[PDB]
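Listing of start00.cif, mmCIF, C-alpha atoms and all ligand atoms; chains and numbers go by the auth columns
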```
data_start
#
loop_
_atom_site.group_PDB
_atom_site.id
_atom_site.type_symbol
_atom_site.label_atom_id
_atom_site.label_comp_id
_atom_site.label_asym_id
_atom_site.label_seq_id
_atom_site.Cartn_x
_atom_site.Cartn_y
_atom_site.Cartn_z
_atom_site.B_iso_or_equiv
_atom_site.auth_seq_id
_atom_site.auth_asym_id
ATOM 1 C CA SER A 1 -5.806 7.130 4.845 0.00 7 D
ATOM 2 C CA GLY A 2 -3.199 4.964 6.611 0.00 8 D
ATOM 3 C CA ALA A 3 0.519 4.261 6.923 0.00 9 D
ATOM 4 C CA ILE A 4 3.014 1.529 7.860 0.00 10 D
ATOM 5 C CA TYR A 5 5.589 2.371 10.587 0.00 11 D
ATOM 6 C CA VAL A 6 8.680 0.113 10.466 0.00 12 D
ATOM 7 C CA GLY A 7 12.045 1.027 12.013 0.00 13 D
ATOM 8 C CA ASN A 8 12.594 4.740 11.270 0.00 14 D
ATOM 9 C CA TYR A 9 10.439 4.654 8.122 0.00 15 D
ATOM 10 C CA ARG A 10 6.858 5.719 7.301 0.00 16 D
ATOM 11 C CA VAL A 11 5.254 4.073 4.211 0.00 17 D
ATOM 12 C CA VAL A 12 2.206 5.826 2.704 0.00 18 D
ATOM 13 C CA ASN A 13 0.310 6.007 -0.634 0.00 19 D
ATOM 14 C CA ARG A 14 2.341 8.483 -2.734 0.00 20 D
ATOM 15 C CA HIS A 15 -0.913 10.368 -3.604 0.00 21 D
ATOM 16 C CA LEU A 16 -1.629 10.959 0.147 0.00 22 D
ATOM 17 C CA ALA A 17 1.942 11.967 1.199 0.00 23 D
ATOM 18 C CA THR A 18 2.214 15.230 3.210 0.00 24 D
ATOM 19 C CA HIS A 19 4.645 18.159 2.788 0.00 25 D
ATOM 20 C CA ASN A 20 6.684 16.692 5.719 0.00 26 D
ATOM 21 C CA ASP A 21 6.865 13.318 3.891 0.00 27 D
ATOM 22 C CA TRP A 22 8.279 14.945 0.717 0.00 28 D
ATOM 23 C CA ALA A 23 10.764 17.078 2.794 0.00 29 D
ATOM 24 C CA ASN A 24 11.976 13.874 4.568 0.00 30 D
ATOM 25 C CA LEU A 25 11.697 11.612 1.445 0.00 31 D
ATOM 26 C CA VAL A 26 13.668 8.324 1.382 0.00 32 D
ATOM 27 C CA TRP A 27 12.167 6.741 -1.804 0.00 33 D
ATOM 28 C CA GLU A 28 9.035 7.124 -3.969 0.00 34 D
ATOM 29 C CA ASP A 29 7.630 5.501 -7.138 0.00 35 D
ATOM 30 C CA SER A 30 4.616 6.983 -8.995 0.00 36 D
ATOM 31 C CA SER A 31 4.095 3.736 -10.931 0.00 37 D
ATOM 32 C CA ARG A 32 3.600 1.890 -7.556 0.00 38 D
ATOM 33 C CA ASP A 33 1.662 4.685 -5.766 0.00 39 D
ATOM 34 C CA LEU A 34 4.212 4.365 -2.857 0.00 40 D
ATOM 35 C CA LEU A 35 6.292 6.865 -0.874 0.00 41 D
ATOM 36 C CA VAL A 36 8.618 6.233 2.119 0.00 42 D
ATOM 37 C CA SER A 37 9.749 9.059 4.448 0.00 43 D
ATOM 38 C CA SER A 38 12.032 9.061 7.539 0.00 44 D
ATOM 39 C CA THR A 39 10.772 9.327 11.135 0.00 45 D
ATOM 40 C CA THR A 40 12.346 10.390 14.433 0.00 46 D
ATOM 41 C CA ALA A 41 10.537 7.755 16.534 0.00 47 D
ATOM 42 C CA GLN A 42 10.826 3.973 16.046 0.00 48 D
ATOM 43 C CA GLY A 43 7.793 2.154 14.576 0.00 49 D
ATOM 44 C CA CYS A 44 6.291 -1.169 15.665 0.00 50 D
ATOM 45 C CA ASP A 45 5.078 -2.795 12.412 0.00 51 D
ATOM 46 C CA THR A 46 6.820 -5.868 10.871 0.00 52 D
ATOM 47 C CA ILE A 47 6.924 -6.334 7.061 0.00 53 D
ATOM 48 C CA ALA A 48 6.023 -9.821 5.844 0.00 54 D
ATOM 49 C CA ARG A 49 8.844 -11.531 3.836 0.00 55 D
ATOM 50 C CA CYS A 50 6.845 -14.313 2.151 0.00 56 D
ATOM 51 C CA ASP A 51 4.735 -15.272 -0.919 0.00 57 D
ATOM 52 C CA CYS A 52 1.347 -15.503 1.002 0.00 58 D
ATOM 53 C CA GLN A 53 -1.803 -15.059 -1.103 0.00 59 D
ATOM 54 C CA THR A 54 -4.338 -14.943 1.791 0.00 60 D
ATOM 55 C CA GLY A 55 -4.652 -12.356 4.554 0.00 61 D
ATOM 56 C CA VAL A 56 -6.942 -9.760 6.151 0.00 62 D
ATOM 57 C CA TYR A 57 -7.376 -6.052 5.194 0.00 63 D
ATOM 58 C CA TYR A 58 -8.997 -3.081 6.873 0.00 64 D
ATOM 59 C CA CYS A 59 -11.824 -1.350 4.910 0.00 65 D
ATOM 60 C CA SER A 60 -12.595 2.062 6.489 0.00 66 D
ATOM 61 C CA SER A 61 -15.776 2.572 4.385 0.00 67 D
ATOM 62 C CA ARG A 62 -17.292 -0.542 6.092 0.00 68 D
ATOM 63 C CA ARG A 63 -15.381 -0.257 9.510 0.00 69 D
ATOM 64 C CA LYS A 64 -14.582 -3.944 8.858 0.00 70 D
ATOM 65 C CA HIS A 65 -11.563 -6.272 8.516 0.00 71 D
ATOM 66 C CA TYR A 66 -12.121 -8.729 5.665 0.00 72 D
ATOM 67 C CA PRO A 67 -10.353 -12.033 5.042 0.00 73 D
ATOM 68 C CA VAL A 68 -9.251 -12.168 1.383 0.00 74 D
ATOM 69 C CA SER A 69 -7.416 -14.189 -1.248 0.00 75 D
ATOM 70 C CA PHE A 70 -5.276 -11.907 -3.455 0.00 76 D
ATOM 71 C CA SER A 71 -3.267 -12.217 -6.658 0.00 77 D
ATOM 72 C CA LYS A 72 0.573 -11.994 -6.938 0.00 78 D
ATOM 73 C CA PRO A 73 2.083 -8.476 -7.516 0.00 79 D
ATOM 74 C CA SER A 74 1.534 -7.581 -11.216 0.00 80 D
ATOM 75 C CA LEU A 75 1.447 -4.726 -13.762 0.00 81 D
ATOM 76 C CA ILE A 76 -2.281 -3.760 -13.968 0.00 82 D
ATOM 77 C CA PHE A 77 -4.081 -1.044 -15.962 0.00 83 D
ATOM 78 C CA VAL A 78 -5.718 1.444 -13.545 0.00 84 D
ATOM 79 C CA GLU A 79 -8.321 3.901 -14.908 0.00 85 D
ATOM 80 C CA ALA A 80 -7.920 7.694 -14.435 0.00 86 D
ATOM 81 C CA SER A 81 -8.723 9.090 -10.995 0.00 87 D
ATOM 82 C CA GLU A 82 -8.467 12.452 -9.202 0.00 88 D
ATOM 83 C CA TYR A 83 -4.710 11.763 -8.596 0.00 89 D
ATOM 84 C CA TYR A 84 -3.348 10.030 -11.714 0.00 90 D
ATOM 85 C CA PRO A 85 -4.251 9.777 -15.407 0.00 91 D
ATOM 86 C CA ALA A 86 -5.044 6.255 -16.786 0.00 92 D
ATOM 87 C CA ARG A 87 -1.824 4.213 -16.552 0.00 93 D
ATOM 88 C CA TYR A 88 -0.316 0.845 -15.638 0.00 94 D
ATOM 89 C CA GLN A 89 0.430 0.471 -11.892 0.00 95 D
ATOM 90 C CA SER A 90 3.195 -1.995 -11.007 0.00 96 D
ATOM 91 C CA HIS A 91 3.517 -4.353 -7.967 0.00 97 D
ATOM 92 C CA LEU A 92 -0.305 -4.376 -7.535 0.00 98 D
ATOM 93 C CA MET A 93 -2.327 -7.253 -6.027 0.00 99 D
ATOM 94 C CA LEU A 94 -6.124 -7.654 -6.480 0.00 100 D
ATOM 95 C CA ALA A 95 -8.845 -9.301 -4.405 0.00 101 D
ATOM 96 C CA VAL A 96 -12.625 -9.419 -4.590 0.00 102 D
ATOM 97 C CA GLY A 97 -13.732 -6.902 -1.991 0.00 103 D
ATOM 98 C CA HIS A 98 -14.902 -3.355 -1.241 0.00 104 D
ATOM 99 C CA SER A 99 -12.679 -0.312 -1.811 0.00 105 D
ATOM 100 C CA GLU A 100 -13.525 3.439 -2.131 0.00 106 D
ATOM 101 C CA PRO A 101 -10.861 6.182 -2.609 0.00 107 D
ATOM 102 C CA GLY A 102 -10.682 7.113 1.126 0.00 108 D
ATOM 103 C CA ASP A 103 -9.961 3.405 1.902 0.00 109 D
ATOM 104 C CA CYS A 104 -6.375 3.880 0.485 0.00 110 D
ATOM 105 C CA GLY A 105 -3.821 3.289 3.206 0.00 111 D
ATOM 106 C CA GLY A 106 -5.778 0.423 4.849 0.00 112 D
ATOM 107 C CA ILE A 107 -3.338 -2.365 5.765 0.00 113 D
ATOM 108 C CA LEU A 108 -3.345 -5.920 4.271 0.00 114 D
ATOM 109 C CA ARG A 109 -1.674 -8.402 6.626 0.00 115 D
ATOM 110 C CA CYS A 110 -0.805 -12.076 6.614 0.00 116 D
ATOM 111 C CA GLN A 111 0.623 -14.352 9.403 0.00 117 D
ATOM 112 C CA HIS A 112 4.131 -12.925 8.712 0.00 118 D
ATOM 113 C CA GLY A 113 3.249 -9.222 8.969 0.00 119 D
ATOM 114 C CA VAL A 114 2.284 -6.316 6.709 0.00 120 D
ATOM 115 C CA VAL A 115 1.945 -7.264 3.028 0.00 121 D
ATOM 116 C CA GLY A 116 0.814 -3.954 1.533 0.00 122 D
ATOM 117 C CA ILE A 117 -1.704 -1.087 1.634 0.00 123 D
ATOM 118 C CA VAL A 118 -4.992 -0.429 -0.219 0.00 124 D
ATOM 119 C CA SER A 119 -4.244 1.588 -3.392 0.00 125 D
ATOM 120 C CA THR A 120 -7.065 0.871 -5.929 0.00 126 D
ATOM 121 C CA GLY A 121 -10.753 -0.162 -6.052 0.00 127 D
ATOM 122 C CA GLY A 122 -14.091 -0.048 -7.798 0.00 128 D
ATOM 123 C CA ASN A 123 -16.076 -2.717 -9.700 0.00 129 D
ATOM 124 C CA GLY A 124 -16.169 -5.005 -6.626 0.00 130 D
ATOM 125 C CA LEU A 125 -12.363 -5.281 -6.539 0.00 131 D
ATOM 126 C CA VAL A 126 -9.719 -4.017 -4.091 0.00 132 D
ATOM 127 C CA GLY A 127 -6.098 -3.451 -5.078 0.00 133 D
ATOM 128 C CA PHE A 128 -3.100 -3.432 -2.733 0.00 134 D
ATOM 129 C CA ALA A 129 0.395 -1.974 -3.303 0.00 135 D
ATOM 130 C CA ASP A 130 2.893 -4.695 -2.293 0.00 136 D
ATOM 131 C CA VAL A 131 5.762 -3.736 0.071 0.00 137 D
ATOM 132 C CA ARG A 132 7.291 -7.261 0.663 0.00 138 D
ATOM 133 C CA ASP A 133 10.012 -6.722 -1.965 0.00 139 D
ATOM 134 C CA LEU A 134 11.342 -3.538 -0.200 0.00 140 D
ATOM 135 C CA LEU A 135 13.911 -5.406 1.906 0.00 141 D
ATOM 136 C CA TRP A 136 15.772 -2.255 2.953 0.00 142 D
ATOM 137 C CA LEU A 137 12.746 -1.339 5.183 0.00 143 D
ATOM 138 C CA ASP A 138 14.147 -3.969 7.709 0.00 144 D
ATOM 139 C CA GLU A 139 17.679 -2.498 7.988 0.00 145 D
ATOM 140 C CA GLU A 140 19.524 0.660 9.319 0.00 146 D
HETATM 141 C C1 LIG B . -13.444 4.261 -7.382 0.00 201 D
HETATM 142 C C2 LIG B . -11.983 4.149 -7.728 0.00 201 D
HETATM 143 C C3 LIG B . -11.072 3.932 -6.550 0.00 201 D
HETATM 144 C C4 LIG B . -11.391 3.155 -5.397 0.00 201 D
HETATM 145 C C5 LIG B . -10.368 3.102 -4.511 0.00 201 D
HETATM 146 S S1 LIG B . -9.006 3.991 -5.056 0.00 201 D
HETATM 147 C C6 LIG B . -9.819 4.456 -6.502 0.00 201 D
HETATM 148 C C7 LIG B . -9.171 5.367 -7.506 0.00 201 D
HETATM 149 N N1 LIG B . -7.861 5.827 -7.088 0.00 201 D
HETATM 150 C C8 LIG B . -6.757 5.112 -7.741 0.00 201 D
HETATM 151 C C9 LIG B . -5.440 5.311 -6.978 0.00 201 D
HETATM 152 C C10 LIG B . -4.301 4.703 -7.780 0.00 201 D
HETATM 153 N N2 LIG B . -3.463 3.937 -7.102 0.00 201 D
HETATM 154 O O1 LIG B . -4.156 4.960 -8.982 0.00 201 D
HETATM 155 C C11 LIG B . -5.229 6.807 -6.738 0.00 201 D
HETATM 156 C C12 LIG B . -6.389 7.394 -5.923 0.00 201 D
HETATM 157 C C13 LIG B . -7.767 6.954 -6.342 0.00 201 D
HETATM 158 O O2 LIG B . -8.750 7.613 -6.029 0.00 201 D
HETATM 159 ZN ZN ZN B . 2.938 -14.175 4.684 0.00 202 D
#
```
As a first step, turn the structure in this file into structure tokens.
Amino acid sequence: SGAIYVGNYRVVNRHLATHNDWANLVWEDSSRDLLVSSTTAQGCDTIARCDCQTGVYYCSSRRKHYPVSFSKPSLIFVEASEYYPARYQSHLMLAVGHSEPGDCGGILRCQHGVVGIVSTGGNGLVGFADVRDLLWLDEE
């Protein structure tokens, strides 16, 4: 589990969104595994606006923050899981690292701020849903 809190927005994995998130929906995309809902209180996170390919992510199944190199956001085939059939997921970045289903929501950060959240895993890889292209998260 995990979320990003920026301005009056909450960014979560679409597959982990709550009934309150869907009732207060701002934007969602199944192909990215992302959902953004509105909040009453202001958040403190800053979204990175950069093309960094190194950073640190939190892995809850190891209680550890790992430094990683990761690929640029791409369209990647993701095998079937409990939440989606086999499909291509867009805006996904991979790194060599550990990721189990309950690790989704763990933040990936660089020197500029939040880059994305854990979304995929298995086979010694970890996949992150990018949020750096969602510029509207910084305004109104
Ligand atoms: C062992 C596979 C694994 C490891 C970490 S997430 C995962 C499989 N997964 C894929 C997610 C997606 N974005 O399609 C949806 C939720 C989920 O359980
Ligand atoms: Zn950066």
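Ranking D:145, D:106, D:35, D:136 by their shortest atom-to-atom distance to ligand ZN 202 (chain D), with all atoms listed in the file included, puts D:136 first.
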Assuming 6 Å of padding per side, give the centre and edge lengths of the axis-aligned box around every listed atom of segment 11-15 of chain D, in Å to one decimal and as AutoDock Vina command-line options.
```
--center_x 9.1 --center_y 2.4 --center_z 10.1 --size_x 19.0 --size_y 16.6 --size_z 15.9
```
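Here the PyMOL selection byres (((chain D and resi 144) around 8) and not hetatm) captures the residues residues 12, 13, 53, 141, 142, 143, 145 and 146 of chain D.
A straight line drawn from atom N2 of ligand LIG 201 (chain D) to atom CA of residue 47 of chain D is 27.7 Å long.
Counting only C-alpha atoms and comparing D:94, D:62, D:17, D:117, the residue that lies closest to residue 34 of chain D is D:17.
Proximity to ligand ZN 202 (chain D) was assessed for D:119, D:103, D:133, D:112 counting only C-alpha atoms and all ligand atoms; the smallest distance is recorded for D:119.
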